[PDB]
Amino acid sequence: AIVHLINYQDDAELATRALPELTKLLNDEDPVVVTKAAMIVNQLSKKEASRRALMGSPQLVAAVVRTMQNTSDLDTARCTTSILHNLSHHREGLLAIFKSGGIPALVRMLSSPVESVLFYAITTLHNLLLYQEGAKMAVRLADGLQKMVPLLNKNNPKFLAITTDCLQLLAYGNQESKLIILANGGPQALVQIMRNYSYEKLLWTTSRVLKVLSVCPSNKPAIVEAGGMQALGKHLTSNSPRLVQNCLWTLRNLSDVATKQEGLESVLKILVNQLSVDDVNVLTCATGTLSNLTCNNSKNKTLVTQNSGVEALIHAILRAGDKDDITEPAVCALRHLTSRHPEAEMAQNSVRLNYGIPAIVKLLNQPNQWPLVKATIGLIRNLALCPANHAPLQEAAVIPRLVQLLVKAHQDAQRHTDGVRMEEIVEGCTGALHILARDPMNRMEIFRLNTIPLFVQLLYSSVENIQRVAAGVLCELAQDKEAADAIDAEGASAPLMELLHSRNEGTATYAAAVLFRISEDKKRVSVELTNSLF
């Protein structure tokens, strides 16, 4: 650069007083000259002194641009594709290119199978997407995406890094741009990149694209079906934190569609491992992606509980405290692991052995976080399934807190919340109370709380699910005469009779059972049940 400094003012001024000529020839339409014109202009664009002169004139830039998207001579389309590349190294050059409509011309050059042409074309569009504003919506109009995605198969990691990023910039904040990429086999092409290349920058830029795509409702399936979950799961162990986090962001985003996915053993194993990692965002994405992957999947449930996942989740709830960003997903994941899988009875016990009762129960006292309360109630119900939890739960005063939630939610209900309906809370509490009322000592507390009148009312509910858990808690409650007397006196004797016709044989059974216990030391009921054709 020392020589170019010496004759700098000469070179600059010499090139300036040669623009009209260079613009003249370059415009003079007969390739033999034009090609030789873009050749010398290409050489001038290699020096700073003359490069800035070239970008300074709108005429030359417009001339080069036009010549580019016309010529078919590789030499010419390579000679004009390299000047623009050069000029794009300057904000004034980017702006000139942009205004000359260089974007469409450059998009057209994304057809050529030639290294040079392709390399110059992409690095120049990249520079337009990184700096020159208004370029994004300009490239989308030039159908750039459609010509960039078929480029994802070129065997050049450096080239791929740039191309992927271009997609990222174009895809971000644009719902429509995301859909186009899908139509062109974007997900599969990107997910192949993740399985094949080791280049960390390409993996990272690519993971960022996958991140932006995973938010699209229609892209999610496409990425998971192509093996996105597994391909990103392999990169959770990388030595590049920025890569691990981009993959986690994506896995968490896709996790609501992978609940039926295949061979995710290694991924789950390290997701549970990441529940101990100190990095908060990691802990939060891993705890989130786990709550989703264990949704109605006995296999995942079993494998997760089989890798110290229950213990891992409780330790995450303890480190998180008032963070509903971690606690909620973690309580959902625990409720999942404690129900409907071969190892559920096991997880129900480990939560107690690992002192989760204290931490979990306390979560019932969260202010404007209903989703966490609803989730915790459900978790409590599952835990109440295990007979060994009946005491631990009464220790944490769950029965009081539950009936408090119950009464409140019943007032607001009889009257007429982050998507949480109060109707579901009545069911939740009554449902947990129905299970907790299996333990005798718990029946006393429930009966001392004067909850019978309430339960008897719920029998009138239109909600089937409500009537069932209601007639259930009464059922197990009438097991004792003292409580039964109250139930009889409250006028429950009638509604149960009309529940015997419930198409839900479950609640129907509960109804019958109650009636059979409230006439213990007090036949007309038996006739009603037997002597009925329908």
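All residue numbers refer to positions in the sequence shown, first residue = 1.
- Where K522 is followed by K523 in the displayed chain, the model omits 4 to 9 of the deposited residues that sit between the two.
- According to the record, 4 to 9 deposited residues between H416 and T417 are left without atomic coordinates.
- Taking the PDB entry as given, 362-370 carries the higher mean Cα B factor of the two stretches 422-430 and 362-370.
- Look at the mean CA B-factor for 194-202 and for 407-415 in the entry; the higher one is 407-415.
- Highest C-alpha temperature factor among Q348, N239, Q168, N300, as the PDB entry reports it: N239.
- Set against one another, the Cα B-factors of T164, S291, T376, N153 in the record reach their highest point at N153.
- Per the PDB record, residue ranking by Cα B-factor puts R468 in the middle third of the chain.
- Ranked by C-alpha B-factor against the other modelled residues of its chain, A77 falls in the highest third.
- The PDB entry assigns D143 a C-alpha temperature factor belonging to the middle third of its chain's modelled residues.
- Among the modelled residues of the chain, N127 sits in the lowest third by CA temperature factor in this PDB entry.
- The PDB entry assigns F447 a C-alpha temperature factor belonging to the middle third of its chain's modelled residues.
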